[PDB]
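Residue numbers (the numbering used here), protein chains in the order written: chain A, 6 to 31; chain B, 254 to 610; chain C, 474 to 818.
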Amino acid sequence: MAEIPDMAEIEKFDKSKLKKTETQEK
Amino acid sequence: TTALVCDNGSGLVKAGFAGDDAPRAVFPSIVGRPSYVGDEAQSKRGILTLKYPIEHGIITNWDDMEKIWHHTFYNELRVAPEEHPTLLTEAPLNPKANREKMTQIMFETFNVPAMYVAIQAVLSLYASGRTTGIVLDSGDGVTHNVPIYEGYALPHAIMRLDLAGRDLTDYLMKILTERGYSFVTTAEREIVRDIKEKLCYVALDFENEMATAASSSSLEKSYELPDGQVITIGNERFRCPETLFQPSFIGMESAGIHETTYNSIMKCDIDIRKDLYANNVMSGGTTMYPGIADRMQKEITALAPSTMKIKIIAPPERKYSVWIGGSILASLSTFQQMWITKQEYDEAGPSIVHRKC
Amino acid sequence: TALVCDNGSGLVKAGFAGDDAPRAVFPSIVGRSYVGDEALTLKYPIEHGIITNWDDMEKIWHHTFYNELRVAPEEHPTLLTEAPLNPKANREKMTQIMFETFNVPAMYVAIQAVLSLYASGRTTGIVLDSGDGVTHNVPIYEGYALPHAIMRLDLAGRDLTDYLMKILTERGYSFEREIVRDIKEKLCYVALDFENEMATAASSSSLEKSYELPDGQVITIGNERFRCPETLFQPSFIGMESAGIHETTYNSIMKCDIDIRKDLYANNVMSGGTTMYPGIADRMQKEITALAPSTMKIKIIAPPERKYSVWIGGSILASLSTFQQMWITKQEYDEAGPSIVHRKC
Ligand SMILES: Nc1ncnc2c1ncn2[C@@H]1O[C@H](COP(=O)(O)OP(=O)(O)OP(=O)(O)O)[C@@H](O)[C@H]1O
Ligand SMILES: Nc1ncnc2c1ncn2[C@@H]1O[C@H](COP(=O)(O)OP(=O)(O)OP(=O)(O)O)[C@@H](O)[C@H]1O
Ligand SMILES: [Ca+2]
Ligand SMILES: [Ca+2]
């Protein structure tokens, strides 16, 4: 507007870096 | 400050924080009135009338849906909505008015600073590390085949089947009752769901499996009821999820999930079919049956050209794949421009959701 | 080099991205085949801004690429334009034809009013776009046309030409349409105060104009000069029950959220051939101001070249570095098919 990659980040994402967390479910 | 991820399904809400590897809270998508939400409604279902605000993946009761979202933010996650960008999920082919209504409620009722709506199957694909492939998403209320090219769900090829986990539970109830057992009270329905999730499986060849169950006890499993009675489950183990492949079992005239998968691929351009066949990702609670990946491999192989490389991907965490994909997406640096902000909403209104989602 | 093709109900405007004007302008007509000037059954493949005859549209695009621009389509990324609220299926068909019939390496479809806004150097404002077949009011927020506030009025240049024919006939003339269209474009203007202009027209020494017909007859036009485009402000002149373009502008603004209205009022952009009448900007300034709150700052932007603003906006957009990612490539089309247009457009 002043003048007037997205997919690669998904494909290379490292899921091991997601935080462990406790899931509450009955 | 952390972004929230809320994955609203027909049977279960999955909710948590972006960047986590799993939802903090999972609870039934139910509202009860003589209001109560989720777990506290199913534990009081005697004094209460129960309602499901999402049917077949689609929000149909907006009053009750706000109660669910209220319960999610305050009771379950214990956050003030105005402090957290919130990512929501939606079904493939969700009507435009629904996406606008969802946006209006988030900004005007809960005052979130930013929001985004993502297609559930696309999130599942993302969770498997892919941006192209075809997702089989099967939950409690609906099953979809969703072919996706670089994050874009191909709308002319999306297939919908209104048969999923709730139907399978109902069917198992029916055939177990036929075998002489009794499962009628709501507490007894929970038993049948437990049996379904623990003892059922998808046969590789149904008719041969029926023949094998008939000539020997080799396919039989025992299940201990709450009172201590031990019961035997035989061909019901695989007859129940066979319904996915043969919807005629419950009187539905649709093709089964192998054929809708094939039909979906054939509604895509020839150039992408090779990539779809090699990237069949299974998502949702009802894809958890032992044997289902291998059965799908067999059936798709029978339908596809003989030279086609076919691969079924069935992640162990696929009960929560949608949520995990949302958690990933909302964590990406390239995604932060994608949020719809309250400032934008103030200017453009609910239709701003079509600019980014 | 990118091509820019702006297809209208009456005229095709086509050229090269980076140029300040379209190289080719010709009638959007097919006769049965004959295209444009050389055109039998006559047909307009675009009606009120919408493509309705696809075989004829392909004849138009063929004529545009080869006969007018003298290019090979497969060598050029091509930017096309579409009307506000163009049905999804139509945008897919345009995409399918460009890739499968003309084999372009890349394409994009942009909303006409949005391009006009860009041509005036803005990304937020409200556009009045009035051509040969349709008039739109399009409020826009950061390049996004606000779908619930868009107004469409099927009153434009062709109707004004027809009306000029009718009122000239009232005084004894006989009609020949192409001649009247020429008279319209050369001699007509918008009166600042219509009733006052009517009452005083007999004593004006300036208002009568002579027009030399092709065979050589000299005929005179008086108050028809400003009565013809008055129709834009008073659609009842042609038996139409719509409010005039000042009111549809106001109504469109009033369908937008209050937070954006100041910016809409201060960024009223006029676009299209039927906004070319002398006096129309000042008449609009008067009429919109009368409707708006007194505290509101009102600005009408009416560039001299606004006959080609849509095309110019396209030329600009297609030249931007931030836009190059937005092109739909042949490879993407090959994988996803025509629905890929909804991912990028
Ligand atoms: N191990 C399992 N085996 C078989 N079925 C299971 C298993 N675990 C969960 N399910 C079924 O999965 C369903 C819930 O899955 P999920 O959370 O994906 O659905 P949802 O998102 O609530 O519904 P939908 O996607 O249909 O709107 C329930 O019917 C449940 O019984
Ligand atoms: N100087 C002028 N004064 C008045 N009208 C003019 C002038 N020049 C051109 N026009 C009219 O503008 C119209 C064509 O403009 P334009 O190219 O913007 O329309 P279009 O794109 O073909 O149609 P639409 O936008 O309605 O689909 C014709 O009716 C023509 O007579
Ligand atoms: Ca779901
Ligand atoms: Ca036009």
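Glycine included, C-beta positions come from ideal geometry on N, C-alpha and C.
Backbone CA spacing between residue i and residue j [nearest angstrom]
i	j	result
C/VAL611	C/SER725	7 Å
B/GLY264	B/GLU336	28 Å
B/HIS409	C/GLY810	10 Å
B/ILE525	B/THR384	13 Å
B/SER604	B/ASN351	11 Å
B/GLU597	B/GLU361	13 Å
C/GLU651	C/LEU588	29 Å
A/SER21	A/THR28	17 Å
B/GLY578	C/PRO702	57 Å
B/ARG490	C/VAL582	54 Å
C/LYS772	B/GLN590	32 Å
B/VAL332	B/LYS267	15 Å
B/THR587	C/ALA556	32 Å
C/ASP688	C/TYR646	15 Å
C/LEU637	C/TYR750	14 Å
B/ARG432	B/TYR327	45 Å
B/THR513	B/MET412	7 Å
C/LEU737	C/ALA765	11 Å
B/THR254	C/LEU558	38 Å
C/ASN741	C/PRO560	26 Å
C/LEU793	C/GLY745	23 Å
B/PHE363	B/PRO334	6 Å
B/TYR515	C/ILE801	27 Å
Backbone secondary structure at residue i - three-state DSSP
i	result
C/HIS521	coil
B/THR554	helix
C/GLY746	helix
C/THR554	strand
C/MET530	helix
A/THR28	coil
B/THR438	coil
B/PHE502	helix
C/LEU737	helix
C/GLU697	helix
C/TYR684	strand
B/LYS451	helix
B/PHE363	coil
B/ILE605	helix
B/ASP423	helix
B/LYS520	coil
C/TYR614	strand
C/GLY509	helix
C/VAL582	strand
B/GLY285	strand
C/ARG756	helix
B/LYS349	helix
B/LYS304	strand
Neighbour flag for residue i against chain C, beta carbons, 7 Å
i	result
B/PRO408	yes
B/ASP599	yes
A/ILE9	yes
is_contact[residue i, chain B] using C-beta, thresh 7 Å
i	result
C/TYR614	yes
C/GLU531	no
A/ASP19	no
A/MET6	no
C/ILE733	yes
C/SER725	no
C/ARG816	yes
C/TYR738	no
C/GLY481	no
C/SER812	yes
Any chain A beta carbon closer than 7 Å to residue i
i	result
C/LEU793	yes
C/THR596	yes
C/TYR591	yes
Integer Cβ distance of residue i from residue j, believed to fall under 8 Å
i	j	result
B/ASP260	B/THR325	Not really, about 10 Å apart at Cβ, beyond 8 Å.
B/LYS354	B/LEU457	No, B/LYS354 and B/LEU457 are not in contact; Cβ-Cβ is about 44 Å, not under 8 Å.
C/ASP627	C/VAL607	6 Å
B/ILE510	B/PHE498	6 Å
Check: residue i C-beta below 6 Å from any heavy atom of ligand 5
i	result
B/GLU506	For ligand 5, the structure offers nothing, since it holds only ligand 1, ligand 2, ligand 3 and ligand 4.
field: Beta carbon shell of ligand 3 at less than 5 Å from a heavy atom
entry: B/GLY262, B/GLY392
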